[PDB]
Amino acid sequence: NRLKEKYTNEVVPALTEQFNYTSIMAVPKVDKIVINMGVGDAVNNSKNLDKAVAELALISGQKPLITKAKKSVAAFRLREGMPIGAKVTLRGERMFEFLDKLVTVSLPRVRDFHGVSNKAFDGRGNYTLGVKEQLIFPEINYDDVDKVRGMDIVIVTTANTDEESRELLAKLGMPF
Amino acid sequence: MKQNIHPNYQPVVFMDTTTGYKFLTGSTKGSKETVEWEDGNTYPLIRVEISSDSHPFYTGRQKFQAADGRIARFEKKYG
Amino acid sequence: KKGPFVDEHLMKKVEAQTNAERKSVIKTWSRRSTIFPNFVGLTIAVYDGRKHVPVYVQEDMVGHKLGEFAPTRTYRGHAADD
Amino acid sequence: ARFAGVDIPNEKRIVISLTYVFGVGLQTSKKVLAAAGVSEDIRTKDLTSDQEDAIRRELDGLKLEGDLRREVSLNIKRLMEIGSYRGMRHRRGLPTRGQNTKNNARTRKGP
Amino acid sequence: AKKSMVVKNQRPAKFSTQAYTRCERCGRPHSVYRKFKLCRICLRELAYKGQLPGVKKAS
RNA sequence: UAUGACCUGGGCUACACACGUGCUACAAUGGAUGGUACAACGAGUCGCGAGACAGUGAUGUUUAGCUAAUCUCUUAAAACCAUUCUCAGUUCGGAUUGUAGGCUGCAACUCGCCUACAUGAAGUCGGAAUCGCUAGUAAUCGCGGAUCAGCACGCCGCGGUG
């Protein structure tokens, strides 16, 4: 990767400034993403959502799987069903194969007022995010984006520290 | 990894040129491809030459939107 | 515009109330008024024909006439519109 | 970037491929049609290779398309209550020419 | 009313913006030939007779 | 001593909604490309107002000519070839808007415009039906008066095509 090295060496000061000093192997650290359609919407055919699964294979984190709702909504009659909106559930050095999109491509492409999401307080050092359309990822996105069916973006630190998580993402790439 | 990933990572013969900063592997887009350009499957220019500061919230701080605001709605000598 | 247009007697109340006191209403008349940047921070009346409307001014009030200071074009309004 | 790289069509001139875009048009898109030296161009399904790279900031003279959105927004949403003789008519919805709204202007007026 | 609408525009008002002209028999509103200083409606009352080289039988 | 008035602006034109009501579109005969050729075309040296001009145009900057069988109007459009958009909510379609300017007048929202520009909604040929159209007739394109400081698709006449 590249942000392994600039991560650790650039947080060695922010080790001491933020909470833990001397826990030099185990400091706060990111965990993963999850990237989902989650639209609902399956009751029409579920097949348009089964092109949203090719939208998730198109953004190409990993294998685009789907979830079953626990109860099937009377207002949506969907009979629990497996297609609901897509799932990755992407983690690790693949995240480190994924974040340079986030910091130097994705929202600096979509140019929407530095994407402020300070509302994203997940209690303990995690941070949500969403998106409407994705004109992101050149030569992959286009000729099927007649409607981007959506995606959601949730980062998560190992730490329970929300503001140090703000300094952990906002350490690099995205102000809020 | 899965074994034999029948999902994507498929190599389009292109380049993730500059300040996306990626090259090519079993990989398909964005932040994934590789870290070098000094052999060049294709050469790193086709996307962009300006960085995340290509975002116009900060592009030399991006105060070229200024001036605006106080000539709204009256600093004038008519009427 | 070129060759501007402006009030006269309540221009002499711009110059009779800017110096003295920013307080009172006026038995106004104006289809011929403006607003200067000095004018902001005072109270003036608007001649509908019965109610000399006591409106103070904010900098938003760019140099329009008292025919359009406040919508004193009386039309009731909240009955069957749009 | 991207501004000129946003949502390429084929088959057109860049001028209609920018009135196509929210904003830059027949004064200015023809002005930078010439300033980038484009001139119909495309009808090609290729814009150029590098007159893009001219027309990044050569196109970026309009401040901005997102601040055309925030220019209508930043303009009128301050311009709410000057009167509000005009703002109430504009945002209640009638075309505020001072326009005769008796019968017609039926769509924006609302049937 | 015949004098606030005949005599009044005879009295000097502000301008042509205010004192719009008409014929001097009855101060009738516009549709007034200012090229011949007389109303259409009042000049028609002459055009019972007519002192004009125009053909009289409503061409 | 009042339904008679002087002034002052706001109404008079305001809008949930029906018919009166024409133009504009939906499109390739269009829409850009240009350079035509025409009747008109009446007020006027009171006023119209050059190839003198900043121009995106309003208008200045000059007003030449102008008591008209002078002159600015009066060089109208289609047919003309030139390129493409030859297919689509369409170089669209022009609802606004936000303006940024000029003209008019003492003043442009009520209670005139016009010139940009940016966004450019409907609208993809029109229920029931109606009305008009047997000659330059429908259709069609222009000019002037018309009112008037300002301001006219329908508002008078005349003719250009057919």
# chains A, B, ... in the order shown; residues from 1 in each chain; ligands from 1
call {"tool": "interface_residues", "arguments": {"of": "chain D", "to": "chain C", "cutoff": "12 Å", "atoms": "only C-alpha atoms", "output": "PyMOL selection string"}}
result
chain D and resi 75-89+91-94+98+101-103+105-111
call {"tool": "select_by_dssp", "arguments": {"residues": "segment 52-169 of chain A", "states": "strand (DSSP E or B)", "output": "VMD selection string"}}
result
chain A and resid 65 to 66 86 to 91 126 to 127 130 to 131 151 to 153 155 to 157
call {"tool": "residues_around", "arguments": {"residues": "residue 79 of chain B", "least_positions_apart": "4", "cutoff": "7 Å", "atoms": "only C-alpha atoms (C1' of nucleotides)", "output": "ChimeraX atom specification"}}
result
/C:1,4-6,34,63
call {"tool": "write_last_selection", "arguments": {"atoms": "N, CA and C atoms", "output": "CSV table (one decimal), in the first residue's frame"}}
result
chain,number,residue,atom,x,y,z
C,1,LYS,N,-29.6,53.3,-13.0
C,1,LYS,CA,-29.4,53.6,-14.4
C,1,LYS,C,-28.7,54.9,-14.6
C,4,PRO,N,-29.8,59.1,-12.9
C,4,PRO,CA,-30.6,58.4,-11.8
C,4,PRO,C,-31.8,59.3,-11.4
C,5,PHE,N,-32.6,58.6,-10.6
C,5,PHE,CA,-33.9,59.2,-10.1
C,5,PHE,C,-34.1,58.9,-8.7
C,6,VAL,N,-34.7,59.8,-7.9
C,6,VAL,CA,-34.6,59.8,-6.5
C,6,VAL,C,-35.7,60.7,-5.9
C,34,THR,N,-35.5,55.9,-3.3
C,34,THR,CA,-34.4,55.0,-3.3
C,34,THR,C,-34.0,54.7,-1.9
C,63,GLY,N,-32.1,50.0,-3.4
C,63,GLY,CA,-32.7,51.3,-3.7
C,63,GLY,C,-33.9,51.3,-4.5
call {"tool": "select_by_dssp", "arguments": {"residues": "segment 5-101 of chain D", "states": "helix (DSSP H, G or I)", "output": "PyMOL selection string"}}
result
chain D and resi 16-19+28-35+51-59+66-76+87-92
call {"tool": "closest_residue", "arguments": {"among": "A:126, A:147, A:161, A:152", "to": "residue 89 of chain A", "atoms": "only C-alpha atoms"}}
result
A:152
call {"tool": "residues_around", "arguments": {"residues": "residue 7 of chain B", "least_positions_apart": "2", "cutoff": "8 Å", "atoms": "only C-alpha atoms (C1' of nucleotides)", "output": "PyMOL selection string"}}
result
(chain A and resi 57+60+62-63) or (chain B and resi 5+9)
call {"tool": "write_last_selection", "arguments": {"atoms": "N, CA and C atoms", "output": "short mmCIF file (atom, residue, chain, number, x, y, z; two decimals), in the first residue's frame"}}
result
data_model
loop_
_atom_site.label_atom_id
_atom_site.label_comp_id
_atom_site.auth_asym_id
_atom_site.auth_seq_id
_atom_site.Cartn_x
_atom_site.Cartn_y
_atom_site.Cartn_z
N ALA A 57 -20.81 -5.34 -8.03
CA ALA A 57 -19.70 -6.01 -8.70
C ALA A 57 -18.97 -5.05 -9.61
N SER A 60 -16.88 -3.18 -7.39
CA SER A 60 -15.92 -4.27 -7.38
C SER A 60 -15.10 -4.33 -6.10
N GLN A 62 -15.87 -6.81 -3.56
CA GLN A 62 -15.77 -8.26 -3.61
C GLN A 62 -17.05 -8.80 -4.24
N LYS A 63 -17.33 -10.07 -3.99
CA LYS A 63 -18.55 -10.74 -4.44
C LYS A 63 -19.80 -10.05 -3.91
N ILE B 5 -11.13 -15.61 -8.39
CA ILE B 5 -12.21 -14.66 -8.17
C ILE B 5 -12.89 -14.36 -9.50
N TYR B 9 -11.87 -7.46 -10.11
CA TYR B 9 -10.41 -7.34 -10.24
C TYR B 9 -9.98 -7.60 -11.67
#
call {"tool": "interface_residues", "arguments": {"of": "chain F", "to": "chain D", "cutoff": "6 Å", "atoms": "only C-alpha atoms (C1' of nucleotides)", "output": "PyMOL selection string"}}
result
chain F and resi 15+91+96+98+109+118
call {"tool": "write_last_selection", "arguments": {"atoms": "N, CA, C and O atoms (P, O5', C5', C4', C3', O3' and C1' of nucleotides)", "output": "PDB file, in the first residue's frame"}}
result
ATOM      1  P     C F  15     -53.906  37.680  -7.342  1.00  0.00           P
ATOM      2  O5'   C F  15     -53.467  36.281  -7.947  1.00  0.00           O
ATOM      3  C5'   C F  15     -53.665  35.090  -7.203  1.00  0.00           C
ATOM      4  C4'   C F  15     -54.737  34.215  -7.803  1.00  0.00           C
ATOM      5  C3'   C F  15     -54.481  33.745  -9.238  1.00  0.00           C
ATOM      6  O3'   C F  15     -54.961  32.411  -9.395  1.00  0.00           O
ATOM      7  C1'   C F  15     -56.557  34.814  -9.124  1.00  0.00           C
ATOM      8  P     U F  91     -31.317  18.930 -32.000  1.00  0.00           P
ATOM      9  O5'   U F  91     -31.799  20.289 -31.329  1.00  0.00           O
ATOM     10  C5'   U F  91     -31.319  21.539 -31.810  1.00  0.00           C
ATOM     11  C4'   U F  91     -30.100  21.987 -31.047  1.00  0.00           C
ATOM     12  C3'   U F  91     -30.013  23.486 -30.772  1.00  0.00           C
ATOM     13  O3'   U F  91     -29.568  23.711 -29.437  1.00  0.00           O
ATOM     14  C1'   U F  91     -28.061  22.761 -31.883  1.00  0.00           C
ATOM     15  P     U F  96     -43.210  33.388 -19.654  1.00  0.00           P
ATOM     16  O5'   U F  96     -42.612  34.167 -18.404  1.00  0.00           O
ATOM     17  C5'   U F  96     -41.228  34.088 -18.093  1.00  0.00           C
ATOM     18  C4'   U F  96     -41.027  33.346 -16.801  1.00  0.00           C
ATOM     19  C3'   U F  96     -40.184  34.001 -15.734  1.00  0.00           C
ATOM     20  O3'   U F  96     -40.788  35.106 -15.097  1.00  0.00           O
ATOM     21  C1'   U F  96     -39.703  31.703 -15.816  1.00  0.00           C
ATOM     22  P     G F  98     -36.009  37.431 -10.557  1.00  0.00           P
ATOM     23  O5'   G F  98     -34.674  37.529  -9.718  1.00  0.00           O
ATOM     24  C5'   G F  98     -34.239  36.413  -8.973  1.00  0.00           C
ATOM     25  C4'   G F  98     -32.796  36.134  -9.259  1.00  0.00           C
ATOM     26  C3'   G F  98     -31.983  37.341  -9.662  1.00  0.00           C
ATOM     27  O3'   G F  98     -31.630  38.191  -8.585  1.00  0.00           O
ATOM     28  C1'   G F  98     -31.502  35.578 -11.131  1.00  0.00           C
ATOM     29  P     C F 109     -39.492  47.116 -12.756  1.00  0.00           P
ATOM     30  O5'   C F 109     -40.844  46.645 -12.049  1.00  0.00           O
ATOM     31  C5'   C F 109     -41.833  45.908 -12.757  1.00  0.00           C
ATOM     32  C4'   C F 109     -42.905  45.414 -11.820  1.00  0.00           C
ATOM     33  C3'   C F 109     -44.269  46.068 -11.975  1.00  0.00           C
ATOM     34  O3'   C F 109     -45.073  45.438 -12.957  1.00  0.00           O
ATOM     35  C1'   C F 109     -43.631  46.047  -9.684  1.00  0.00           C
ATOM     36  P     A F 118     -26.904  31.220 -22.661  1.00  0.00           P
ATOM     37  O5'   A F 118     -26.920  30.416 -21.285  1.00  0.00           O
ATOM     38  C5'   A F 118     -25.715  29.956 -20.695  1.00  0.00           C
ATOM     39  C4'   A F 118     -25.878  29.738 -19.218  1.00  0.00           C
ATOM     40  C3'   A F 118     -27.194  29.103 -18.803  1.00  0.00           C
ATOM     41  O3'   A F 118     -27.222  27.699 -18.920  1.00  0.00           O
ATOM     42  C1'   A F 118     -26.864  31.030 -17.533  1.00  0.00           C
TER      43        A F 118
END
call {"tool": "interface_residues", "arguments": {"of": "chain E", "to": "chain F", "cutoff": "12 Å", "atoms": "only C-alpha atoms (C1' of nucleotides)", "output": "count of residues only"}}
result
28
call {"tool": "closest_atom_pairs", "arguments": {"of": "chain C", "to": "chain F", "cutoff": "6 Å", "atoms": "only C-alpha atoms (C1' of nucleotides)", "output": "Markdown table"}}
result
| residue | atom | partner | partner_atom | distance |
| --- | --- | --- | --- | --- |
| C:29 | CA | F:9 | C1' | 5.2 |
| C:32 | CA | F:107 | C1' | 5.2 |
| C:48 | CA | F:10 | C1' | 5.0 |
| C:80 | CA | F:16 | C1' | 4.4 |
| C:81 | CA | F:16 | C1' | 5.4 |
call {"tool": "write_last_selection", "arguments": {"atoms": "N, CA and C atoms", "output": "PDB file, in the first residue's frame"}}
result
ATOM      1  N   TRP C  29     -45.267  59.777  -0.121  1.00  0.00           N
ATOM      2  CA  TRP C  29     -45.931  59.806  -1.418  1.00  0.00           C
ATOM      3  C   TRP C  29     -45.292  58.927  -2.481  1.00  0.00           C
ATOM      4  N   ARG C  32     -41.068  57.270  -6.238  1.00  0.00           N
ATOM      5  CA  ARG C  32     -39.832  57.877  -6.718  1.00  0.00           C
ATOM      6  C   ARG C  32     -38.747  57.820  -5.653  1.00  0.00           C
ATOM      7  N   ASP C  48     -49.494  53.638   1.534  1.00  0.00           N
ATOM      8  CA  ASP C  48     -50.484  52.908   0.754  1.00  0.00           C
ATOM      9  C   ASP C  48     -51.650  53.816   0.382  1.00  0.00           C
ATOM     10  N   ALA C  80     -58.237  32.330  -1.774  1.00  0.00           N
ATOM     11  CA  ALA C  80     -58.199  31.304  -2.818  1.00  0.00           C
ATOM     12  C   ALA C  80     -57.122  31.714  -3.825  1.00  0.00           C
ATOM     13  N   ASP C  81     -55.898  31.244  -3.591  1.00  0.00           N
ATOM     14  CA  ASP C  81     -54.752  31.553  -4.435  1.00  0.00           C
ATOM     15  C   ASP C  81     -53.982  30.269  -4.718  1.00  0.00           C
TER      16      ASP C  81
END
call {"tool": "interface_residues", "arguments": {"of": "chain A", "to": "chain B", "cutoff": "6 Å", "atoms": "only C-alpha atoms", "output": "PyMOL selection string"}}
result
chain A and resi 60+63+97-98+100-101+104-105+108+111+137
call {"tool": "decode", "arguments": {"residues": "segment 10-55 of chain B", "atoms": "N, CA and C atoms", "output": "PDB file, in the first residue's frame"}}
result
ATOM      1  N   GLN B  10     -10.869  -7.331 -12.630  1.00  0.00           N
ATOM      2  CA  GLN B  10     -10.428  -7.699 -13.968  1.00  0.00           C
ATOM      3  C   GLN B  10      -9.618  -6.571 -14.606  1.00  0.00           C
ATOM      4  N   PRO B  11      -8.502  -6.920 -15.277  1.00  0.00           N
ATOM      5  CA  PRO B  11      -7.559  -5.895 -15.761  1.00  0.00           C
ATOM      6  C   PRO B  11      -7.912  -5.224 -17.089  1.00  0.00           C
ATOM      7  N   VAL B  12      -8.701  -4.144 -17.060  1.00  0.00           N
ATOM      8  CA  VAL B  12      -8.801  -3.259 -18.220  1.00  0.00           C
ATOM      9  C   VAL B  12      -7.445  -2.607 -18.489  1.00  0.00           C
ATOM     10  N   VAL B  13      -7.027  -2.597 -19.752  1.00  0.00           N
ATOM     11  CA  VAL B  13      -5.644  -2.204 -20.104  1.00  0.00           C
ATOM     12  C   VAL B  13      -5.650  -0.683 -20.263  1.00  0.00           C
ATOM     13  N   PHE B  14      -5.512  -0.009 -19.122  1.00  0.00           N
ATOM     14  CA  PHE B  14      -5.675   1.426 -18.927  1.00  0.00           C
ATOM     15  C   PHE B  14      -4.695   1.869 -17.847  1.00  0.00           C
ATOM     16  N   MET B  15      -4.893   3.065 -17.299  1.00  0.00           N
ATOM     17  CA  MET B  15      -3.977   3.537 -16.275  1.00  0.00           C
ATOM     18  C   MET B  15      -4.701   4.403 -15.255  1.00  0.00           C
ATOM     19  N   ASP B  16      -4.341   4.221 -13.978  1.00  0.00           N
ATOM     20  CA  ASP B  16      -4.875   5.069 -12.915  1.00  0.00           C
ATOM     21  C   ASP B  16      -3.884   6.174 -12.572  1.00  0.00           C
ATOM     22  N   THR B  17      -3.791   7.162 -13.451  1.00  0.00           N
ATOM     23  CA  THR B  17      -2.554   7.821 -13.873  1.00  0.00           C
ATOM     24  C   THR B  17      -1.862   8.604 -12.763  1.00  0.00           C
ATOM     25  N   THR B  18      -2.391   9.741 -12.346  1.00  0.00           N
ATOM     26  CA  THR B  18      -1.664  10.599 -11.429  1.00  0.00           C
ATOM     27  C   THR B  18      -2.647  11.177 -10.431  1.00  0.00           C
ATOM     28  N   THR B  19      -2.275  11.084  -9.154  1.00  0.00           N
ATOM     29  CA  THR B  19      -3.051  11.427  -7.966  1.00  0.00           C
ATOM     30  C   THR B  19      -4.354  10.636  -7.878  1.00  0.00           C
ATOM     31  N   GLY B  20      -4.370   9.469  -8.511  1.00  0.00           N
ATOM     32  CA  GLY B  20      -5.174   8.339  -8.106  1.00  0.00           C
ATOM     33  C   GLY B  20      -4.122   7.308  -7.778  1.00  0.00           C
ATOM     34  N   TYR B  21      -2.999   7.449  -8.489  1.00  0.00           N
ATOM     35  CA  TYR B  21      -1.696   6.929  -8.085  1.00  0.00           C
ATOM     36  C   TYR B  21      -1.618   5.407  -8.126  1.00  0.00           C
ATOM     37  N   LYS B  22      -2.241   4.791  -9.127  1.00  0.00           N
ATOM     38  CA  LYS B  22      -2.250   3.337  -9.204  1.00  0.00           C
ATOM     39  C   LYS B  22      -1.913   2.883 -10.621  1.00  0.00           C
ATOM     40  N   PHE B  23      -1.504   1.615 -10.763  1.00  0.00           N
ATOM     41  CA  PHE B  23      -0.955   1.213 -12.057  1.00  0.00           C
ATOM     42  C   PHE B  23      -1.750   0.152 -12.822  1.00  0.00           C
ATOM     43  N   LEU B  24      -1.635  -1.133 -12.429  1.00  0.00           N
ATOM     44  CA  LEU B  24      -2.401  -2.269 -12.961  1.00  0.00           C
ATOM     45  C   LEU B  24      -2.034  -3.549 -12.212  1.00  0.00           C
ATOM     46  N   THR B  25      -3.013  -4.345 -11.792  1.00  0.00           N
ATOM     47  CA  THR B  25      -2.832  -5.755 -11.394  1.00  0.00           C
ATOM     48  C   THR B  25      -4.111  -6.498 -11.739  1.00  0.00           C
ATOM     49  N   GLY B  26      -4.293  -7.676 -11.141  1.00  0.00           N
ATOM     50  CA  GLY B  26      -5.642  -8.176 -11.022  1.00  0.00           C
ATOM     51  C   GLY B  26      -6.347  -7.215 -10.094  1.00  0.00           C
ATOM     52  N   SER B  27      -7.073  -6.302 -10.720  1.00  0.00           N
ATOM     53  CA  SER B  27      -7.562  -5.058 -10.158  1.00  0.00           C
ATOM     54  C   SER B  27      -8.285  -4.371 -11.299  1.00  0.00           C
ATOM     55  N   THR B  28      -9.181  -3.455 -10.961  1.00  0.00           N
ATOM     56  CA  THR B  28     -10.057  -2.913 -11.993  1.00  0.00           C
ATOM     57  C   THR B  28     -10.231  -1.408 -11.967  1.00  0.00           C
ATOM     58  N   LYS B  29      -9.914  -0.725 -10.872  1.00  0.00           N
ATOM     59  CA  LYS B  29     -10.255   0.681 -10.739  1.00  0.00           C
ATOM     60  C   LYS B  29      -9.486   1.288  -9.582  1.00  0.00           C
ATOM     61  N   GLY B  30      -9.460   2.622  -9.578  1.00  0.00           N
ATOM     62  CA  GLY B  30      -9.231   3.456  -8.411  1.00  0.00           C
ATOM     63  C   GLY B  30      -7.975   3.219  -7.606  1.00  0.00           C
ATOM     64  N   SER B  31      -8.151   2.842  -6.340  1.00  0.00           N
ATOM     65  CA  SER B  31      -7.091   2.730  -5.349  1.00  0.00           C
ATOM     66  C   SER B  31      -6.454   1.354  -5.304  1.00  0.00           C
ATOM     67  N   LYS B  32      -6.609   0.556  -6.348  1.00  0.00           N
ATOM     68  CA  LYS B  32      -6.386  -0.871  -6.231  1.00  0.00           C
ATOM     69  C   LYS B  32      -5.187  -1.383  -7.019  1.00  0.00           C
ATOM     70  N   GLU B  33      -4.705  -0.646  -8.018  1.00  0.00           N
ATOM     71  CA  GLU B  33      -4.061  -1.310  -9.148  1.00  0.00           C
ATOM     72  C   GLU B  33      -2.640  -1.782  -8.836  1.00  0.00           C
ATOM     73  N   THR B  34      -1.671  -0.871  -8.697  1.00  0.00           N
ATOM     74  CA  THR B  34      -0.334  -1.197  -8.158  1.00  0.00           C
ATOM     75  C   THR B  34       0.315   0.127  -7.759  1.00  0.00           C
ATOM     76  N   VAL B  35       1.560   0.086  -7.290  1.00  0.00           N
ATOM     77  CA  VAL B  35       2.335   1.293  -7.012  1.00  0.00           C
ATOM     78  C   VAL B  35       3.666   1.197  -7.768  1.00  0.00           C
ATOM     79  N   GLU B  36       3.671   1.718  -8.997  1.00  0.00           N
ATOM     80  CA  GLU B  36       4.829   2.058  -9.826  1.00  0.00           C
ATOM     81  C   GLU B  36       4.247   2.687 -11.076  1.00  0.00           C
ATOM     82  N   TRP B  37       5.100   3.357 -11.846  1.00  0.00           N
ATOM     83  CA  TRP B  37       4.774   3.692 -13.225  1.00  0.00           C
ATOM     84  C   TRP B  37       5.966   3.481 -14.133  1.00  0.00           C
ATOM     85  N   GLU B  38       7.096   3.046 -13.588  1.00  0.00           N
ATOM     86  CA  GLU B  38       8.381   3.053 -14.262  1.00  0.00           C
ATOM     87  C   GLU B  38       8.572   1.873 -15.205  1.00  0.00           C
ATOM     88  N   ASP B  39       7.508   1.142 -15.518  1.00  0.00           N
ATOM     89  CA  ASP B  39       7.511   0.196 -16.620  1.00  0.00           C
ATOM     90  C   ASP B  39       6.363   0.436 -17.593  1.00  0.00           C
ATOM     91  N   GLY B  40       5.214   0.929 -17.118  1.00  0.00           N
ATOM     92  CA  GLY B  40       4.242   1.544 -18.006  1.00  0.00           C
ATOM     93  C   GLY B  40       3.455   0.668 -18.962  1.00  0.00           C
ATOM     94  N   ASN B  41       2.475  -0.095 -18.454  1.00  0.00           N
ATOM     95  CA  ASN B  41       1.525  -0.798 -19.322  1.00  0.00           C
ATOM     96  C   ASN B  41       0.845   0.164 -20.289  1.00  0.00           C
ATOM     97  N   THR B  42       0.311   1.259 -19.765  1.00  0.00           N
ATOM     98  CA  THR B  42       0.170   2.504 -20.498  1.00  0.00           C
ATOM     99  C   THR B  42       0.828   3.577 -19.643  1.00  0.00           C
ATOM    100  N   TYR B  43       0.786   4.809 -20.094  1.00  0.00           N
ATOM    101  CA  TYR B  43       1.575   5.790 -19.362  1.00  0.00           C
ATOM    102  C   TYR B  43       0.684   6.713 -18.529  1.00  0.00           C
ATOM    103  N   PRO B  44       1.178   7.194 -17.370  1.00  0.00           N
ATOM    104  CA  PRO B  44       0.285   7.869 -16.408  1.00  0.00           C
ATOM    105  C   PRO B  44      -0.026   9.335 -16.728  1.00  0.00           C
ATOM    106  N   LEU B  45      -1.015   9.570 -17.607  1.00  0.00           N
ATOM    107  CA  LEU B  45      -1.565  10.920 -17.760  1.00  0.00           C
ATOM    108  C   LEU B  45      -3.086  11.009 -17.924  1.00  0.00           C
ATOM    109  N   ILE B  46      -3.767   9.944 -18.382  1.00  0.00           N
ATOM    110  CA  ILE B  46      -5.052  10.069 -19.083  1.00  0.00           C
ATOM    111  C   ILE B  46      -6.159  10.575 -18.162  1.00  0.00           C
ATOM    112  N   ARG B  47      -6.026  10.375 -16.850  1.00  0.00           N
ATOM    113  CA  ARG B  47      -7.098  10.839 -15.983  1.00  0.00           C
ATOM    114  C   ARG B  47      -6.951  12.317 -15.650  1.00  0.00           C
ATOM    115  N   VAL B  48      -5.915  12.681 -14.901  1.00  0.00           N
ATOM    116  CA  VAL B  48      -5.866  13.998 -14.281  1.00  0.00           C
ATOM    117  C   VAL B  48      -4.429  14.263 -13.858  1.00  0.00           C
ATOM    118  N   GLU B  49      -4.081  15.541 -13.737  1.00  0.00           N
ATOM    119  CA  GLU B  49      -2.766  15.973 -13.297  1.00  0.00           C
ATOM    120  C   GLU B  49      -2.815  16.749 -11.988  1.00  0.00           C
ATOM    121  N   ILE B  50      -4.004  17.149 -11.540  1.00  0.00           N
ATOM    122  CA  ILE B  50      -4.181  17.903 -10.308  1.00  0.00           C
ATOM    123  C   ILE B  50      -4.838  16.965  -9.290  1.00  0.00           C
ATOM    124  N   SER B  51      -4.473  17.143  -8.023  1.00  0.00           N
ATOM    125  CA  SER B  51      -4.659  16.142  -6.981  1.00  0.00           C
ATOM    126  C   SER B  51      -6.082  16.177  -6.426  1.00  0.00           C
ATOM    127  N   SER B  52      -6.240  15.700  -5.188  1.00  0.00           N
ATOM    128  CA  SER B  52      -7.460  15.933  -4.422  1.00  0.00           C
ATOM    129  C   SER B  52      -7.771  17.416  -4.253  1.00  0.00           C
ATOM    130  N   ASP B  53      -6.761  18.291  -4.356  1.00  0.00           N
ATOM    131  CA  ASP B  53      -7.055  19.713  -4.468  1.00  0.00           C
ATOM    132  C   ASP B  53      -7.690  20.089  -5.801  1.00  0.00           C
ATOM    133  N   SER B  54      -7.751  19.168  -6.759  1.00  0.00           N
ATOM    134  CA  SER B  54      -8.706  19.216  -7.859  1.00  0.00           C
ATOM    135  C   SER B  54     -10.145  19.397  -7.393  1.00  0.00           C
ATOM    136  N   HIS B  55     -10.480  18.974  -6.172  1.00  0.00           N
ATOM    137  CA  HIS B  55     -11.720  19.369  -5.524  1.00  0.00           C
ATOM    138  C   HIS B  55     -11.709  20.870  -5.275  1.00  0.00           C
TER     139      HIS B  55
END
